[PDB]
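Everything on this sheet refers to the single structure shown next.
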Amino acid sequence: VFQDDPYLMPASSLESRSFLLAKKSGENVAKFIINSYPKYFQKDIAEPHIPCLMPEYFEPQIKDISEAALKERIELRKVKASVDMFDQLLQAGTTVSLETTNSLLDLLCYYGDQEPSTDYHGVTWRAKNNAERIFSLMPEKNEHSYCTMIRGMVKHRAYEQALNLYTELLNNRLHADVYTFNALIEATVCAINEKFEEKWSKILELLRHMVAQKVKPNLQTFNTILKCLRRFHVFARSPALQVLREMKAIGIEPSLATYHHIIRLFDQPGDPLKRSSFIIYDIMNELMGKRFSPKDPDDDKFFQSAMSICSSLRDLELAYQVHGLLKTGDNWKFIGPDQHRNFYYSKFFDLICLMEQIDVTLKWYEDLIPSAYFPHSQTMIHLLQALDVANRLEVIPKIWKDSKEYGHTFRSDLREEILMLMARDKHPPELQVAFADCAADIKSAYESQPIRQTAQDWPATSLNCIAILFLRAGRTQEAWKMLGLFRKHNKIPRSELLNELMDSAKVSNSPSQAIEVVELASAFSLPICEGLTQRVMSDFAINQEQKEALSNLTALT
Amino acid sequence: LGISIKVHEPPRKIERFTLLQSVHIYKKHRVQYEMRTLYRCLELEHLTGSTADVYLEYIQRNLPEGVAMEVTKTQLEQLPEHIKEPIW
Amino acid sequence: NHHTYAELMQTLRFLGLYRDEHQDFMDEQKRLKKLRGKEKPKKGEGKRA
Amino acid sequence: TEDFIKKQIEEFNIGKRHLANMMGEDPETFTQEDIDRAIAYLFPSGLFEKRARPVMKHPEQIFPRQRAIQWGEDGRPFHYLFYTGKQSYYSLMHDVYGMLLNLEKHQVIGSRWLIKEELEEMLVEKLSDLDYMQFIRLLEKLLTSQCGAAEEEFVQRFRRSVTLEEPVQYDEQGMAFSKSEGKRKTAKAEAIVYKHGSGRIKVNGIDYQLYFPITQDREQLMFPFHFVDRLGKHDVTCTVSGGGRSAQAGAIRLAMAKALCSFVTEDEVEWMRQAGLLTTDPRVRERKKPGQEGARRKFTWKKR
Amino acid sequence: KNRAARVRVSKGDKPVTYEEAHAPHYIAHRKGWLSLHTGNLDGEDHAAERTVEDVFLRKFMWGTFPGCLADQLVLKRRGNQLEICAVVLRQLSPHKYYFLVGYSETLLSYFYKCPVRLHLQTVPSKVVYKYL
Amino acid sequence: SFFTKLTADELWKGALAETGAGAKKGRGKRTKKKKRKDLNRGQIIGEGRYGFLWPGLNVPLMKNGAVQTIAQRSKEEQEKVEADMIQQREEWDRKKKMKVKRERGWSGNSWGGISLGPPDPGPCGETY
Amino acid sequence: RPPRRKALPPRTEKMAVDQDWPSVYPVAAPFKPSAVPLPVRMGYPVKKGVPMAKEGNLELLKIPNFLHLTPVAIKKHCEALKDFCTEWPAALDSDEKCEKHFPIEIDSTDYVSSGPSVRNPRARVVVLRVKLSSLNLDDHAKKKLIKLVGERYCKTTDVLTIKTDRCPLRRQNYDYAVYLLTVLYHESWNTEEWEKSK
Amino acid sequence: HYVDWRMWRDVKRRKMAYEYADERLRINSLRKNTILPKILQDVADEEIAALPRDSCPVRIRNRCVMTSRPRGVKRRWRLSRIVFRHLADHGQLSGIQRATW
RNA sequence: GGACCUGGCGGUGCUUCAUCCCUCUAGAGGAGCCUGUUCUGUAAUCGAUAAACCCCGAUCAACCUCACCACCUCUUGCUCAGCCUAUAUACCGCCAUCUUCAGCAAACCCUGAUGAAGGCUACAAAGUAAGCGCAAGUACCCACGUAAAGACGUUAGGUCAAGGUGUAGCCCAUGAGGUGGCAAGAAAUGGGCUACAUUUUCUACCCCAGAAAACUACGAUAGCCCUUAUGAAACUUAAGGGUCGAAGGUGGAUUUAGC
Ligand SMILES: [Mg+2]
């Protein structure tokens, strides 16, 4: 979806999201202008005709007050026009069918009289609404008329009114549809705060009511049941298994949403090895090798929760099975929105880094990033930790370059982690030179930070690591120059840094450098400075002036 | 794809025309333009309808911009029942 | 359809999504001439009578 | 610079490997010709200028051989004749003069001298016309002198081959014949001359005296055989198409001469070539130009 | 003196791209056409409509990316597709570039009733073939 | 007609008459003359008479963490914006007009004695 | 001062020498210098110069590149599409057997062009061809049919050619060609009284 | 927004001719024959004369579609010679190149 | 006023050239007609107009085109108006001309005492690395040829009527629309076609024929008449037939073109 150009390729997850949003904004602006000036795009020169590229109209044609006009406005989803049409129809006494008023009730209750949102032109159920007004004004009411109002009330969290209207329907001896049953299950669960067994008995009673009414339930029924029972967690754990067994016995095959709801129900802080491990393992064994299909609107979040538990349990084999299930067939399309996909891949890569050999870890890193997602600083830190465990520090410079590609250049935590990992140990001169180049790049990044609106902040550990790497690479002059930053920003020089500086000065026989180190340490008033002073007299050929200066500075002890 | 194919190159056609050069007068000075049309004829022999459709779709979806195509199909047919024997 | 083309480009320029450099030049010249004193009079008001 | 050339060489090697991968061939045996064919297929270009078409040659060829600065870091030039500004040309002249001195110590047909542009490309140095003439004079003095094998090789570096420019078949009945083709203006003819015959020519299946009523066309037909004194000794079947009577006669004449060259002796073939019977005539109609009455006639310049 | 599409040398400092440098008699010799479509071939039709579409597309794209374009467009047509390949300077933030790409693609698709794609290649600065 | 319009460069070349025999000779006095101006000096993409705010082009794409919608400025604020643009253009022109004098030579209309600054620097670290 | 965005290095650097090229270019796309790991150069070089590099090279952008149709890609595409093909009848080895079993040949043309409109009138033409020898006729019927058809019959090739182009659709023209063949055959086998005036 | 008032007149003429083309064809077919009686043909002549003048196709002029130039128009591109040269010399017309032979 | 430099010029010297002249072929200049210009006439365009205008803008005018004229009509008008109104001596754009040229302009360097100025010798003596042009390369059938290309500069060269545009002017009119109309020759001139015939004319044929051959010859694509094509509209345009058989008898200086 992005442009394959270096200047327009997104360099971060934030940049990716922003670029996609900007492209969608441009498309929305174009669509707005097309709809606002349809006369500039009516010239159809396409053969065959392309209806989707023609302008779209949003003006009713049937202007006379009639049932056809009301149905037209309902189809056009013009809530104000539909309400005015119904009012004029009722005042004029013109004929309206039960089906037309049912469609009007569908339109009003689904939106709860809330006006639809276009590009340009909690209990959300309003206490003062025209849906209930028209329902009262409705002379003829049927199963659908009650059902649409109940569904609209439940959708807008008007649970009490929905239950009252269900009682009215039962008194009228009408048969509610399966969707009404699902809405009633949600309303019953969310209406009152009771123990799990009360809601469980209520749900079973509603199911028995459905059995008596001979209505056969659907996937949405059990999906809503589990989603609403998700509150009780441990209380509903085994009863959820009973519901799943009932689903399997009936033949209503669970979809991704059903399993996701069961996962979220069984998910809770504690010991996942008790029951959650069994749940996820059984789900994976059941679903393995099966191509999915769009069955429920919540089918997209299955993989996110599955990978979340995969990371929680530290079972890389389980995560590999989940990923293989995602890759089989068209299951990848169920990975969900951009945020869910990013979270899924972040957890997957974190688990891979934690629990896999560094070679396969690097292969996965190459395969996913940046094609699959853009890593976050924490994921990069985890990868660095895995590399350090593998002792394959030769990749550490490349990773930093990768970080520069992924916008983590200014991430202080990542920079400090990289510097500490590089400067922790002494390595052959090639790796030391690579580390010094990486440290110079990090220093350049610190010099070019966009936080340059006040006196710069220089982490003491970062400065010490950079200086140590430069000294171990032989580039002592840059360390000497950077020594002033410590005094400038009151950042304590490292003891090992001073030791290496003094070692280099003694090897090169440069008493002036030792004097400078002692001056810095005395400016910072570190206790080690005392030893440094002694060492300057002990290891260097000291001139009379320098010896007198050391004797004078000795009084600071 | 296991299809017999032969290639040949029909002679090119170079359409030429002439326009007056200057915006005003100077009739004796002109500019001559041309539009070369190069050809390539591929003859595919003895292939079924499904294979023909697949190959045509594959080569048409990949047809480069600036290249037109005119595919001529010879459809083998059997005599209709009215012609096999005289109704008379 | 020159009507469609010209009206579409003019509308886009008013919406700010099309920078008509030629029209900007024309507007600048028009502003300078109006400062100089060259303006269209009202209809039915020909200077020659 | 030299480091830039090294980077370009590395990039070219990587690109050669990538192109071999793309075309599914062995990278180790992917020659320059394969590179050119792959580039032409992947990046087709109908531009007439071959130098304008896409190219992914070696940097040694893409970059001019003038090289980077002719001195190292110390600034000392590599060549001892650098300050002459024409170190290549003057080094070549010095070597030729040394060869002439050694020749003094010790003691035409299929090649021409390379043009000044070719020499400039050889030495990647700009040269003047008089410089080229001086070098050519020195080379020719070297050649005229008793040049040895080494001097002959040295000259052959500057020798350019001159552009100087037949089958016998048997029919189903064992009649040995030769077949040839000829063009003249727009007429194209194909002739078949049999080794043994009694002077019978069939043009388009029609006898020549009935196909060419004009005596001039029959004289043109007679010309090749009469030149080699083989009148009445060969049978000819020829087919001509296009053009007028004289163009067809000329095309048939050329085709007959070329075919008969397969039977006459080599000296006779040379005589026929010297008589002009084998050279395809390039005289073709010249296009009319705009603003003019014809190919060369201008419009009548108006009276003043 | 011929004046068509030629950049006359003035001082030896004015930079020109590859296309601006070459004169009209170099078309199909050292520079290809900036628009490729089957309209001008033998026997084909609707050449005038394609020419008008190309002119309008060039004007619209030049006026939609003010100063962003670093060279002429390339209008390729495959079937009913329409690819506008452009070279753009790296002036604007990529957000504006993406917004303009989406806008222009949707608007041109709805205006010409064909799927229009817009491919942008960014350059740091206008490529200089030579100086005149 | 839209198709009859040209680009800014062509229009400036035509109107300014920078080339031609008149510039070479100067027989026609041009005290009343035209000078080149940048019509795109301060124009922002997505700004026009209608005063629309296009998210991602002339207004921030995300405001308070949410994607902005197509919004149109009120007439009063759009008028203020247009007036501010006019004033900014006037300020730019005024800053262009202002300049700083120099020091005369031996006499007010003689080049003698006028300094020319340092000689141009040499090719390799050879400065003056 | 707002920060200035730095362009990333091209992804050709991250590519591998032994990667799968068709993955990079699955479909026809313009030449992207950041995506083609080849040091290709195009453009007439200046005096003592080199051809222009690919970055910003409009000449390469003009070329309808075949980078999406490499031989590996073509082979993979054909392997995928083999499932869609149907084997030609092995019995019909030569055109002789084809004429023996299928004596009617229908010629039609499909024109592919660049543009928003796919309509083309020349696609409505249908050409039916049949050898009179392959038909079932006697001497009199053949002689009458030849006179009826007129120029549509070439005695040299013994092929009757009926060209239908008067109907808006190709299927209508094909139906008309079949109907014309039917009526011509029936009238040929029909004998009129006035035919005795021959 | 056409180039000039002459282009506007041509557009109006083309529109009216398209509107009246069917009736003009029918009446002309009634006229251009010898089968029908002479009186009916004279009535048809009067009727076709009574039609609006601008509906006559002969009044349609093939002006350039970009500069309204009434001459030098190449019918294949509907552009004046000057505009066609301007576009072709810049390479913006596919397959059109300077002819040299 | 003295000396010198550069240019212009010399009824200035010398040398060497070209189509400058002669030589070759076919024409123009004589006739008729086509067309263009000019003039006259008319109520009735414009522009080009020495080479570099004169079958030119036009690759095209009965209405339209059309910008002209007469009469009539409209005023926010197809256009966030309009103008084919003035200015090509404000310009872009596209070209003419030398050019059937090879030089041009920057950036340096050197000479003259660091004066204006000058800068070449090939067995070379201060000129030059780059840019533009020639050249090269390319198109057509070759490497030849023809195209294409042909810089800078010259003629305030041509075009405000392709379009755009500066300035100036018009806004109940210099804008917009409708109907109708020119367009004739007393002429002069430019280009072209057909001829004045016997190497011709007619027929057959496409080159082995038969007739014609000076008052019933050659010679009109002219005139007159009648059809036909196109068109709404044709003595207007075109084609065809009929009729008429005219001027003319190879044309002066001079002049065009060709390798
Ligand atoms: Mg003064």
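Swiss-Prot numbering applies to chain A: residues 88-208, 235-670, in that order.
Recorded method is electron microscopy, 3.0 Å.
Every residue, even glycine, has its Cβ placed from backbone N, Cα and C.
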Of A:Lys126, A:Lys130, A:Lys150, A:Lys539, which one does Swiss-Prot label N6-acetyllysine?
A:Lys126
Near the repeat 'PPR 3' (A:255-289), which residues from the same chain, at least 6 beyond its ends, have a CB less than 8 A from one of its CBs?
185, 188-189, 192-193, 195-197, 199, 235-238, 244-245, 248, 296-297, 299-301, 303-304, 326-328
Around the C-beta of A:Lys126 (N6-acetyllysine), how many further C-beta atoms are within 10 angstroms, looking at every protein chain?
11
Take the repeat 'PPR 7' (A:412-446) and find every residue of the same chain, 6 or more past its ends, with a Cβ under 8 Å from one of its Cβ atoms.
368-370, 372-373, 376-377, 380, 385, 389-390, 393-394, 396-397, 400-405, 453, 456-457, 460-461, 463-465, 467-469
For the repeat 'PPR 6' (A:368-409), how many residues does DSSP put in helix, in strand and in coil?
23 helix, 0 strand, 19 coil
Sort out the residues at least 6 away from either end of the repeat 'PPR 9' (A:489-523), same chain, that have Cβ-Cβ distances under 8 Å to it, and list them.
98-102, 459, 462-463, 466-467, 470-471, 474-475, 478, 482-483, 530-531, 534-535, 540, 544, 547-548, 550-551, 554-555, 558, 562-564
Return one of helix, strand or coil for A:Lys126 (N6-acetyllysine), based on DSSP.
helix
For the repeat 'PPR 10' (A:572-606), give the DSSP counts of helix residues, strand residues and coil residues.
27 helix, 0 strand, 8 coil
By a Cβ-Cβ criterion of under 8 Å, what residues six or more beyond either terminus of the repeat 'PPR 6' (A:368-409) are in contact with it?
332-333, 335-336, 339-340, 342-343, 346-347, 349-350, 353, 357, 360, 415-416, 418-419, 421-423, 425-426, 431, 434-435, 438, 441-444, 447
Take the repeat 'PPR 5' (A:331-367) and find every residue of the same chain, 6 or more past its ends, with a Cβ under 8 Å from one of its Cβ atoms.
291-292, 294-296, 298-299, 302-303, 308-310, 312-313, 316, 320, 374-375, 377-379, 381, 388, 408-409, 411
Give me the DSSP three-state residue breakdown of the repeat 'PPR 9' (A:489-523), ordered helix, strand, coil.
30 helix, 0 strand, 5 coil
If you run through the repeat 'PPR 5' (A:331-367) with DSSP, how many residues end up as helix, strand and coil?
28 helix, 0 strand, 9 coil
